[PDB]
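Asker: Chains as they are written, first to last, in the authors' numbering: chain C, 4 to 374; chain A, 4 to 374; chain B, 4 to 374; chain L, 699 to 871. All residues carry an ideal CB built from backbone N, CA and C; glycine is no exception. Once you've had a glance at the structure underneath, I'll fire off some questions.
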Amino acid sequence: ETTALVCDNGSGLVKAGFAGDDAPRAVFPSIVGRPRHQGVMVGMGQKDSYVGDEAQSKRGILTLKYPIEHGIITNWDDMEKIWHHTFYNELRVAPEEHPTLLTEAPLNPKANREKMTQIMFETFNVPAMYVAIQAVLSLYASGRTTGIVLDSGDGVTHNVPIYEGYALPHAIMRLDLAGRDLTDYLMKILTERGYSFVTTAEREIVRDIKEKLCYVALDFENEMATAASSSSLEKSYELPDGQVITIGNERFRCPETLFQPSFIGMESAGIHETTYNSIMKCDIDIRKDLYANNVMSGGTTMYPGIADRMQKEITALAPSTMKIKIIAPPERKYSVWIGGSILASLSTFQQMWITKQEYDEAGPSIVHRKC
Amino acid sequence: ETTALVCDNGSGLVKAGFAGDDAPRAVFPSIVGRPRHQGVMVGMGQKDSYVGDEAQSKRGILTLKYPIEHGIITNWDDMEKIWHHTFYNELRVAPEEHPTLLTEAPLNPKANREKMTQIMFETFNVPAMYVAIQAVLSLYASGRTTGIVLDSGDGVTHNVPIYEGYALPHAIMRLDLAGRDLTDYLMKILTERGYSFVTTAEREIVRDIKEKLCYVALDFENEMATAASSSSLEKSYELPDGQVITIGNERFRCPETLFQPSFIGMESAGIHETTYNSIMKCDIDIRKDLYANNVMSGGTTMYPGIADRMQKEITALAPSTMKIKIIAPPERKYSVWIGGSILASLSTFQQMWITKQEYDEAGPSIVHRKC
Amino acid sequence: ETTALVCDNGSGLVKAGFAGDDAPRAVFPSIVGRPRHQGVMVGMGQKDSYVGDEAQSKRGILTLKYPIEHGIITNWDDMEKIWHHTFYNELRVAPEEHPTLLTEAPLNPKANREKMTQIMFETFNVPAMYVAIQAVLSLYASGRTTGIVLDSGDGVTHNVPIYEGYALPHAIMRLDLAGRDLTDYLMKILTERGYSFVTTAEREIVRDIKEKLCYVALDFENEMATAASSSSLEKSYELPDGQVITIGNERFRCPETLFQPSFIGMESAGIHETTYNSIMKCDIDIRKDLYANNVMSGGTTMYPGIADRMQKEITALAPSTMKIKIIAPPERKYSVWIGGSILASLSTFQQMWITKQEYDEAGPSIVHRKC
Amino acid sequence: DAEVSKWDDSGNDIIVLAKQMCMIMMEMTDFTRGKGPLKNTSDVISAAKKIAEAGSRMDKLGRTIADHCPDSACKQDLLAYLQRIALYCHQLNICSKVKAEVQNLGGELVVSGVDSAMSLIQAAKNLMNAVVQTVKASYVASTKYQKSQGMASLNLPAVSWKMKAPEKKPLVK
Ligand SMILES: Nc1ncnc2c1ncn2[C@@H]1O[C@H](COP(=O)(O)OP(=O)(O)O)[C@@H](O)[C@H]1O
Ligand SMILES: Nc1ncnc2c1ncn2[C@@H]1O[C@H](COP(=O)(O)OP(=O)(O)O)[C@@H](O)[C@H]1O
Ligand SMILES: Nc1ncnc2c1ncn2[C@@H]1O[C@H](COP(=O)(O)OP(=O)(O)O)[C@@H](O)[C@H]1O
Ligand SMILES: [Mg+2]
Ligand SMILES: [Mg+2]
Ligand SMILES: [Mg+2]
């Protein structure tokens with residue numbers, strides 16, 4: 004009765020569904036495209052915004068905007084179009100009778116979740132609401148209560164170290180390098196062969212390139228010496244207009260900026276010594292249980308060979324007696340949602356919602372106290 | 004039938020069991036830890052106090068406190084959580100049908116056993132009770148009736164000289180320097196090599212260092228001259244995260260403050276000339292029997308070479324014709340308990356308990372007259 | 004004739020000058036920056052290290068490293084570049100004919116001053132040397148011989164209680180929470196308003212924020228209730244590109260971690276019950292002369308309202324008849340240097356140097372005996 | 699651990715229930731070394747949905763004792779472990795449907811036995827470690843408040859719990 008909704012509204016992809024299930028009912032990209040050309044036929048027009056899946060079948064006449072950049076909602080009029088699309092047009096539910104479980108990255112602005120609270124209560128009129136952290140929900144879905152979670156998505160990657168249900172907020176690190184900064188590095192790195200992708204609708208083609216041909220080399224300075232001696236690493240890809248491109252050493256140079264972020268001009272360290280500098284800011288008694296429970300979540304952690312590369316780079320930093328086990332589940336793209344369906348369908352969680360009656364005695368500043 | 008309990012509740016460790024046996028049934032640390040981090044998972048919480056052995060497997064998220072400091076119970080709400088833990092949760096007995104034999108250091112405040120006699124009667128409802136001195140119980144466990152008892156625990160050390168079962172109260176000396184003040188000197192002495200242990204969960208690591216690597220030198224100013232010429236004394240210890248530390252001449256400089264308490268800024272004399280000053284405050288006719296029966300008890304008297312060193316120093320103070328024998332049994336950590344199970348299981352002792360009806364005619368001041 | 008040098012080489016700032024003066028001749032930051040970008044113009048290059056003041060005008064193309072972290076010199080090749088810069092390029096002296104007075108924190112590793120002695124004698128070839136403690140030299144600069152010195156710098160804070168020229172080493176407490184750990188808390192606390200400072204050249208902008216807008220609240224839980232009711236506490240700051248940021252209750256939440264160190268994740272107590280717990284470890288006869296002479300030194304003790312706050316917090320712990328006077332001079336940033344110029348220019352001090360002749364019979368271990 | 703092995707099978711309802719759950723957990727423990735009746739991953743999922751049902755009945759039995767306690771100062775150590783087994787069986791129900799669909803969609807080659815079914819063993823080891831504290835916190839609340847009206851109606855004497863006194867600690871070494 005009154006099954007809750009779990010809407011993980013990440014950057015780049017929106018995953019929604021019902022609480023208590025094991026798979027999302029709605030996975031569509033988080034874009035709102037508007038037409039940029041001149042309409043000549045009468046009737047084609049009077050429709051100035053395509054949201055989600057029909058803005059990628061009809062791209063090529065649209066300019067595609069992302070409302071969430073770096074985990075922060077930049078466009079508050081286009082984010083209401085995606086929430087209106089994912090309730091009525093995509094899930095086919097009425098939000099007046101279901102409580103929703105939203106999802107936010109750590110270390111975001113406090114006025115980002117202050118306006119998600121205002122929108123769901125004064126526009127969609129949900130009975131109850133709750134805003135959770137991403138990397139705490141990918142420990143629910145992993146069968147653990149202790150561990151350190153590297154959650155690499157599209158806007159941000161962050162580490163949250165948790166020991167026996169107790170989080171250490173002084174050791175939560177956050178990078179703004181993520182998967183969308185590997186798409187924009189692949190557009191620049193492909194111009195050395197002649198292929199120039201420019202437009203916003205041509206960035207979705209080079210995004211589909213990195214999901215199919217890109218991988219992580221276990222030894223980078225050796226792999227660049229065998230990518231030039233022979234041509235056994237090259238693979239071909241067919242564009243939507245029939246042209247065939249050929250990619251050589253740009254298959255592993257694109258996910259290598261997660262481990263060497265000096266390729267994009269960032270001064271920060273890689274993701275292998277960000278997940279280690281946050282272990283070494285935890286207390287000494289719990290470091291043996293974080294080396295062995297190293298949960299990897301999110302979509303950008305799905306390259307072939309990102310687990311065997313990351314075990315190589317923490318064992319070179321950790322002491323030689325610790326064993327290091329990296330937990331990469333096969334379904335780790337939807338791990339943040341599955342732990343959201345676990346938490347919202349819980350028997351002891353049902354007194355932790357922010358009810359609509361509670362929203363009147365406070366303002367939108369109640370979400371900081373209750374979450 | 005109605006076998007008595009013997010709860011030797013010192014600082015640092017709680018040893019309990021049944022009267023008449025030869026070994027305690029329950030040895031656990033005397034700490035009550037409370038969580039200091041932020042709990043994120045629902046369910047992981049609502050448990051705000053961990054007592055005993057389960058607060059040392061889960062340290063690293065807790066702040067560990069000791070309810071007994073220097074032999075005096077400072078926290079009377081955390082001391083009830085340890086007595087509730089050692090009756091129901093650790094010994095699995097009911098206190099309403101067993102009389103208990105508690106244990107207290109000499110020269111303590113009189114409102115320390117006036118409140119132990121109130122909690123055992125009005126909260127745990129024991130039928131009978133008795134409070135014994137620590138160093139009079141470690142003469143039963145050696146098979147003697149004469150002797151001088153050095154009982155070095157975790158809070159205090161004290162010498163009680165006893166001849167033919169008659170104690171001399173004017174010659175009882177007490178130091179407040181004990182095993183906990185050697186741990187806090189080992190944290191300060193280890194900063195000279197770079198290792199900084201700070202937190203309350205990091206003091207249990209430097210306490211496990213001194214139980215493994217520390218030893219008493221037979222001649223201090225000769226051993227300090229060979230620790231600098233070579234590295235023949237350095238031994239390695241492995242921290243809980245896998246780091247290996249190396250300790251050289253801090254192995255014997257830590258138990259040397261028992262013999263030279265000017266290292267920690269105390270004015271008083273060492274344990275070798277505070278057990279001789281209490282001999283020389285006795286009668287002259289019984290000094291020959293105290294020089295030969297020098298009982299050593301407590302856990303802090305278990306360093307390798309504290310019997311060979313202390314015999315060297317009292318010989319240099321006593322006259323040259325008296326023989327000096329120091330009795331250090333191999334089971335001397337539990338000598339105060341073994342004499343507690345001897346005294347409480349005696350046939351003559353059974354008319355010396357403080358019954359519950361005797362607590363009703365008097366107040367809590369009954370314990371001062373009967374003990 | 005042969006006037007001595009006094010180099011107070013703290014973390015974060017280097018103050019140098021001549022002994023006998025009233026002000027330092029050289030105050031520059033202790034950073035060594037190396038370029039991280041790609042040089043295209045020929046000639047503009049071949050300079051891989053900028054030290055001191057020209058590594059802050061030229062930041063934005065550099066990566067700024069600090070060679071001293073927590074009072075301990077971590078990089079011994081970057082520290083030789085700052086001593087070479089402060090003798091020749093900044094003071095314009097020849098170190099072969101001036102004795103230098105260095106300066107070290109208490110409770111440091113013993114191989115820290117064993118390598119300052121090796122470098123100053125075998126590389127810079129000074130005639131004499133002496134290494135003094137920081138918090139004793141800030142008693143010369145106050146005209147006192149009794150008192151307790153809180154010396155809050157950039158790496159460490161420490162209390163040294165001194166009564167009539169006699170120090171009590173068992174009551175010297177040392178924290179690792181200092182001014183650099185309030186910069187790194189201000190970077191995390193400013194992400195709640197949207198501003199994200201990441202790079203090492205962007206940590207110097209948020210360090211100049213806390214030197215201009217940060218203050219200490221007299222009552223923290225009252226000021227946090229009037230920071231939310233109105234906007235009378237907010238002040239604007241202009242970034243180096245012209246952007247204007249607005250800071251509200253992050254003005255007093257940043258120096259509040261000195262009095263509540265549980266904000267940054269540390270367990271240890273504040274600076275108001277570290278300067279009181281070290282008073283209560285001295286003798287009872289000298290406690291009345293330490294409550295009245297409470298010297299505050301260092302740069303982190305220069306927030307507006309840290310003297311009126313700290314009198315409020317020790318009078319709530321001390322007995323109600325002892326009067327408490329906290330002595331914060333207006334020039335307390337350079338108090339450790341001024342006492343260095345007082346001590347090195349003394350007539351009695353001139354037989355306490357470590358001359359180069361004395362360095363040859365011993366090793367670098369002479370500095371432990373003569374200091 | 700070996701504390702459950704020291705209990706007798708002729709006890710009351712809670713002891714005989716916590717003896718069956720350790721027999722299921724011992725079938726998943728040796729699967730990490732491959733010496734059990736559960737051969738592949740498809741039997742670990744059927745056992746994890748079995749230990750999540752038996753563990754969901756001790757939440758029922760543990761709450762018939764928690765409400766009969768007279769004052770609220772003694773059940774705080776009992777409700778703290780009853781809320782942990784509410785979470786550890788909800789993870790075992792949902793993360794067994796998730797690992798059944800991954801085994802069904804991608805085939806049997808995606809799961810690898812060891813290092814793939816360890817997400818169910820780790821969530822079941824934490825259920826067993828939080829159900830032996832639920833026996834021990836319910837044994838205390840059933841004998842400390844035995845003479846009160848309401849607790850005697852459950853018919854749980856101190857002799858029904860078959861837990862013995864612990865062993866003697868070693869004196870040396
Ligand atoms: N096979 C793949 N290889 C590399 N990156 C991938 C792959 N599949 C998806 N991604 C990346 O994962 C991101 C989308 O997955 P997800 O982490 O759920 O996104 P978000 O957190 O933005 O909702 C995109 O940046 C996409 O490029
Ligand atoms: N093997 C050992 N070697 C050296 N010191 C020890 C050893 N075992 C214990 N200690 C020290 O003595 C203490 C044990 O004293 P104990 O008799 O248990 O104290 P209490 O009187 O409080 O029960 C430990 O906390 C430690 O400081
Ligand atoms: N007005 C100010 N308010 C707050 N902090 C200040 C102020 N001026 C300087 N500081 C801090 O003082 C430190 C530098 O002064 P100092 O104590 O001499 O440094 P160090 O001990 O590292 O040489 C830095 O941490 C700086 O942020
Ligand atoms: Mg995500
Ligand atoms: Mg004792
Ligand atoms: Mg300084």
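1) Starting from the beta carbon of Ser271(C), find every residue of chain B whose beta carbon is closer than 7 Å, and list them in chain order.
2) Could you give the DSSP three-state label for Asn12(A): helix, strand or coil?
3) Would you say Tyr143(C) faces chain A, with C-beta separation under 9 Å as the test?
4) Taking Cβ to Cβ, would you say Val339(A) is nearer than 9 Å to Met119(A)?
5) Pairing CB atoms from the region 237–257 of chain A with CB atoms from the region 184–202 of chain A, are three or more of them under 8 Å?
6) Are at least three pairs of beta-carbons, each pair with one atom in the region 150–157 of chain B and one in the region 282–300 of chain B, less than 8 Å apart?
7) Is it buried or exposed, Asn853(L), if we count other Cβ atoms within 10 angstroms and call 16 or more buried?
8) So with Cβ pairs under 9 Å, would you call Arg147(C) a contact of chain L?
9) If we call anything under 9 Å between Cβ atoms a contact, is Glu107(B) one with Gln137(B)?
10) Quick check: what's the CA-CA separation for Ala310(B) versus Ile327(B)?
11) At 9 Å on the CB atoms, spell out the chain C contacts of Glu799(L), in chain order.
12) Rounded to whole angstroms, what's the CA-CA distance from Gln354(C) to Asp211(A)? Just pull it up for me.
13) If you compare alpha carbons, which of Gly251(B), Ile357(B) and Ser239(B) is closest to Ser233(B)?
14) At 4 residues or longer, what runs of the alpha helix (DSSP H) sit wholly inside the region 36–95 of chain C?
15) Residues around ligand 6, please: the condition is that the C-beta lies closer than 6 Å to some non-hydrogen atom of it.
16) Please find out if some non-hydrogen atom of ligand 1 comes closer than 8 Å to the beta-carbon of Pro258(C).
17) Under 9 Å between C-beta atoms, does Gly804(L) make it to chain C?
18) With a cut-off of 8 Å on the beta carbons, I'd call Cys217(B) and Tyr306(B) a contact; round off their distance for me.
19) Report yes if the C-beta distance between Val30(B) and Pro109(B) is below 9 Å; otherwise report no.
20) With 8 Å as the limit, tell me which residues of the region 168–201 of chain A have their beta carbon closer than that to any beta carbon of chain B; keep them in chain order.
21) Pick helix, strand or coil for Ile357(C), following the three-state DSSP scheme.
22) Tell me whether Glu276(C) sits in a helix, a strand or coil according to DSSP, three-state version.
23) Within 9 Å (strictly less), CB to CB, does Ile267(B) reach chain C?
24) Which value, in whole angstroms, describes the spacing of the CA atoms of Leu221(B) and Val201(A)?
25) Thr249(B) and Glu237(B) - do their beta-carbons sit closer together than 9 Å?
26) Answer yes if the region 268–288 of chain A comes into contact with the region 313–320 of chain C, meaning at least three C-beta pairs across the two stretches below 8 Å, and no otherwise.
27) Any idea if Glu253(B) is buried or exposed, counting beta-carbon neighbours within 10 angstroms, 16 or more meaning buried?
28) Establish whether the CB of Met816(L) and some CB of chain C are separated by less than 9 Å.
29) Measuring only from the beta carbon, is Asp154(C) closer than 8 Å to any heavy atom that is part of ligand 4?
30) Just the chain B side, please: which residues come within less than 8 Å of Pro112(C) by C-beta, in chain order?
31) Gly46(A) versus chain L: which residues are under 7 Å apart at the beta carbon?
32) Give me the Cα-Cα distance between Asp184(C) and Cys374(B), rounded to the nearest whole angstrom.
33) Below 7 Å on C-beta distance, what does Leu242(A) contact in chain C?
34) Give me the subset of the region 51–77 of chain A whose CB atoms are less than 7 Å from a CB atom of chain B, sorted by chain position.
35) Figure out for me which residue from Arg782(L), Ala750(L) and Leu776(L) has the closest Cα to the Cα of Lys834(L).
36) Could you spell out where the beta strand (DSSP E) holding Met132(A) opens and where it closes?
Answerer: Answer, in terms of the structure:
1) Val201
2) strand
3) yes
4) no
5) yes
6) yes
7) exposed
8) yes
9) yes
10) 11 Å
11) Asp25, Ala26 and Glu334
12) 44 Å
13) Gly251(B)
14) 57–60 and 82–87
15) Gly13(B), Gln137(B), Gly156(B), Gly301(B) and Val339(B)
16) yes
17) yes
18) 6 Å
19) no
20) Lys191, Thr194, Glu195, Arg196, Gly197, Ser199 and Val201
21) strand
22) coil
23) yes
24) 29 Å
25) yes
26) no
27) buried
28) yes
29) yes
30) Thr194, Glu195, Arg196 and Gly197
31) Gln781, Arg782, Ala784 and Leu785
32) 56 Å
33) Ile287
34) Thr66
35) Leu776(L)
36) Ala131 to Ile136
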